[PDB]
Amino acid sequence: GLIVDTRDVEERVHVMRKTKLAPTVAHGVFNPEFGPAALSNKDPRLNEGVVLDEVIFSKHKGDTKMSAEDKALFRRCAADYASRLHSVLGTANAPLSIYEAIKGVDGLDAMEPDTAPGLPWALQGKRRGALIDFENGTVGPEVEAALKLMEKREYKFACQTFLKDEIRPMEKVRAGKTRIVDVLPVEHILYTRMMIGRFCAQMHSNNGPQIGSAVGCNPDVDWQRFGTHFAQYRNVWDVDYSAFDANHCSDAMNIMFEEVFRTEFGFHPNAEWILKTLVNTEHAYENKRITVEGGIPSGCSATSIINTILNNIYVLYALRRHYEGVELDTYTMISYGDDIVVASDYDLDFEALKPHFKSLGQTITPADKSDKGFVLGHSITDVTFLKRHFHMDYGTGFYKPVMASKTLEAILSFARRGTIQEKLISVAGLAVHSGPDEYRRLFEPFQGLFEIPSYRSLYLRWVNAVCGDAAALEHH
């Protein structure tokens, strides 16, 4: 987005800190080229002449403005996509009660009880539990108030910046490219959930190519479903974006909200409203306050869904802007935020599409390494989605999500103190799909010290997961 004002106030906002990621017995062994993002203005690993505070905000390099024409084309695209979505999900989009919004519903997890609460709550020690009752799903007075203000389109707030504490490729660490998290007020999350919760649950329950969304999928079971679909197309593209979330422009965001979340579709009227407040935001970094236009903050209830919907719309728009006669079935896709797979029997020129995405502020490039541009004829077994390949399970015949050994090695090499056992068990569910040899190599460093689930047991688990009759079958 575009930073329209870096104001400065004494009232400081504490984030800094050391990393919670400690190396494991495995690191020595795998020597990953990844490490914990720099979290300190002066980390002893930051290339000379780097200012975290600098790099970290070097993502706001503008807010693309659209012509009346391009805007009119984008509104058609969003209306065309909204027609498809809601035709599939239905129009059962009524607001959630505060109870439903808190405790979740079929397809929508419960709000989280002890995560950051946002502001001004942060500045008083207060936590969500001191504001909300996740037991019965009722809210305390401050939140009661905020809501009535929101119902009265009169509520203002600020995002709170955290430096994401995660593992990263050394080159990005040594460059100060640490990612940031925007924590919204816990009441904003509540009210979004209220306004767009049931729609969301429906999105999750109907995840798939038909709506172009994989939010709520479970790769273990759904890979087979996703793979067979995309395997039927002549062309598949692994399209990458660059700072997708930050480069959504006010025009696009505003127009999407207006077309997809209309009352004619059964949404409360403040559905559009609460979403729009995401367009221009104030971020609080330590002592600094910062106004931005464009982009989408990371911790908004519905960030992944919003992103996914934009992603679908961008593709329709880019294509319509270059070709004639493009409709929703000229192609197929599924996305999860910025992550996307597209496919078509038409020989679409994504390379040519590149300027059209540019009109929206979006830069696309091919996942396929830094290759010489988009090419034709790629297959589903050539792409990555959610950091997983689609490989054929040479046993069940089913697709399975295979992660790159390198990635698993970086994953296994670092861990929060006193979380290693559970981390190992959880990462083993990812690694099983790399086959028994790679599975055993990956975990040897932990042998004799931690409990490593047998490859065998996780394979049996996965078969029953992916297809119980497959499982039941292996036994007839």
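We number the residues from 1 along the sequence you see.
**Asked** On average, are the C-alpha B-factors higher in 71-79 or in 138-146?
**Response** Mean B over CA atoms: larger for 138-146.
**Message:** Tell me which stretch has the larger mean Cα B-factor in this entry, 206-214 or 226-234.
**Reply:** Going by the record's values, the stretch with the higher mean is 226-234.
**Request:** Can you pull the Cα B-factors for 105, 275, 130, 309 from the entry and say which is highest?
**Result:** The C-alpha B-factor peaks, among 105, 275, 130, 309, at 130.
**Message:** Given 380, 189, 375, 334, identify the residue with the highest C-alpha B factor in the PDB entry.
**Reply:** Answer for 380, 189, 375, 334: 375, with the highest C-alpha B-factor.
**Message:** Test of reading the entry: by CA B factor among the chain's modelled residues, which third contains residue 343?
**Reply:** Lowest third.
**Prompt:** Taking the C-alpha B-factors as the PDB entry records them, is residue 41 in the lowest, middle or highest third of its chain?
**Reply:** Its C-alpha B-factor belongs to the highest third of this chain's values.
**Asked** Hey, what third does residue 368 fall into on Cα B-factor, ranked over its chain?
**Response** For residue 368, whose C-alpha B-factor we compare with every modelled residue in the chain, the answer is the highest third.
**Prompt:** Taking the entry's C-alpha B-factors for this chain, is residue 99 in the lowest, middle or highest third?
**Reply:** Ranked within chain, residue 99 CA B lands in the middle tercile.
**Asked** Against its chain's modelled residues, does residue 166's Cα B factor rank lowest, middle or highest third?
**Response** Middle third - that is where residue 166 ends up once the chain's C-alpha B-factors are sorted.
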